[PDB]
Amino acid sequence: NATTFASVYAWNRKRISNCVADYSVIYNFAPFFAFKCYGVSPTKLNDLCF
Amino acid sequence: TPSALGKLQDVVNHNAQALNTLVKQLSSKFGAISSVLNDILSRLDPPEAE
Ligand SMILES: *[C@@H]1O[C@H](CO)[C@@H](O)[C@H](O)[C@H]1NC(C)=O
């Protein structure tokens, strides 16, 4: 919800730590276009850690 | 004598050395995302974890 996204050649890289990764706050924005995960499963992202 | 019983020592060493290598290769991840069966099951779905 930053309302401003960078270009593809100067893409931003936000670092996240010291917080609970509640991915339930993602599925209330809007019907997405693609959620093709890699290396993990879209369902089991809750109980995992990073 | 330091090693007059080397034959028995070589016998008791070859058994433990080969057995420790079997435990060593248990932590080896053969072309997988993880070597622990609990880690793969916690990250991927059954059709992808197989
Ligand atoms: C994004 O931020 C705006 C305010 O800047 C807010 O009104 C809006 O509800 C936010 N979007 C979501 C999905 O919460």
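In this report, the structure presented in the accompanying data block is examined. (Residues numbered from 1 in each chain as written, not as in the entry; some residues may be left out. Chains lettered and ligands numbered in written order. Part of a larger assembly, values for the part shown. Heavy atoms only, no water.)

1. Re the overall build of chain B
Then step 1. Each helix and strand counted, chain B has three helices and zero strands in total.
Then step 2. Taken from the N to the C terminus, the helices and strands of chain B come in the order α-α-α.
Then step 3. The C-alpha radius of gyration of chain B comes to 19 Å, more than 25% above the 10 Å expected for a compact globule of 50 residues.
Then step 4. Structurally, chain B occupies a C-alpha span of about 60 × 15 × 15 Å along its principal axes.
Then step 5. A total of 50 residues make up chain B; the buried ones form 8% of that total.
Then step 6. Of the roughly 4500 Å² of accessible surface on chain B, a fraction of 60% belongs to carbon and sulfur atoms. (Helix = DSSP H or I, 4+ residues; strand = E, 2+ residues; numbered from the N terminus. Rg over C-alpha atoms; globule rule 2.2 N^0.38 Å. Buried < 20%, exposed > 50% of the residue type's maximum accessible area, 1.4 Å probe, protein only. Areas by Shrake-Rupley, 256 points an atom, 1.4 Å probe, with all protein chains shown as cover.)

2. Quick notes on the side chain of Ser41(A)
Then step 1. Here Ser41(A) falls in the buried class, since its relative accessible area comes to 2%.
Then step 2. A polar atom in the side chain of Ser41(A) sits 3.3 Å from the backbone nitrogen of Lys44(A).
Then step 3. Setting aside anything within four residues of it in sequence, one finds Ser41(A) in contact with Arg43(B), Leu44(B) and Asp45(B). (Polar contact = N/O pair within 3.5 Å; in protein donor to acceptor, adjacent residues only side chain to side chain. Contact = heavy atoms within 4.5 Å.)

3. What about the layout of surface pockets?
Residue and element names in this part refer to chain A.
Then step 1. By volume, the largest pocket is sized at about 250 Å³.
Then step 2. Along the walls of the largest pocket sit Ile16, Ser17, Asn18, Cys19, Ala21, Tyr23, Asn46, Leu48, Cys49 and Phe50, which together make up its complete lining.
Then step 3. Each residue belonging to the lining of the largest pocket can be placed in one class, and the counts come to seven nonpolar, three polar and no charged.
Then step 4. Approximately 190 Å³ is the volume found for the second largest pocket.
Then step 5. If you go around the second largest pocket, the residues you meet are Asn1, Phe5 and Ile16. (1 Å grid on protein atoms, 1.4 Å probe; cavity = no way out; pocket = protein on both sides within 12 Å on 5 of 7 lines; lining within 4 Å. Points joined across faces, edges and corners; volume = space filled by probe spheres on them. Nonpolar A, V, L, I, M, F, W, Y, C, P; charged D, E, K, R; others polar.)

4. With respect to the packing of aromatic side chains
For any pair of aromatic rings, the description consists of the separation of the ring centres together with the inter-plane angle of the planes.
All names here are of chain A.
Then step 1. By the definition in use, this model includes four aromatic pairs over all chains.
Then step 2. Aromatic pair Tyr27 and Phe35: ring centres 5.5 Å apart, planes at 35 degrees, arrangement tilted.
Then step 3. Counting every residue linked through ring pairs, the aromatic cluster contains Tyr27, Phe32 and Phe35. (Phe/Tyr/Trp six-rings, centres within 6.5 Å; stacked < 30°, edge-to-face > 60°.)

5. Details of helix 1 (residues 6-24) of chain B
Then step 1. The end-to-end C-alpha separation of helix 1 of chain B is 26 Å, in line with the 27 Å expected for 19 residues at 1.5 Å each.
Then step 2. In terms of burial, helix 1 of chain B is a largely surface element, one of the 19 residues being buried. (Expected span 1.5 Å × (residues − 1).)

6. Here's the deal with the interface of chain A and chain B
Then step 1. Of the residues lining the interface, five residues belong to chain A; the matching set on chain B comes to six residues.
Then step 2. Note on chain A versus chain B: buried area summed over both sides is about 450 Å², and carbon and sulfur give 58% of it.
Then step 3. Of all residues in chain A, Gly39(A), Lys44(A) and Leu48(A) give up the largest surface area on contact with chain B, accounting jointly for 70% of the area buried on that side.
Then step 4. Here chain A is connected to chain B by zero salt bridges.
Then step 5. Applying the counting criterion to the chain A and chain B interface returns two residue pairs in polar contact.
Then step 6. Among the residues making up the side of chain A that touches chain B, the classes are represented as two nonpolar, two polar and one charged. (Buried area = accessible area lost by both parts, 1.4 Å probe. Salt bridge = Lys/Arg side-chain N within 4 Å of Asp/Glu carboxyl O.)

Geometric descriptors of this kind do not, in isolation, establish any biological role.
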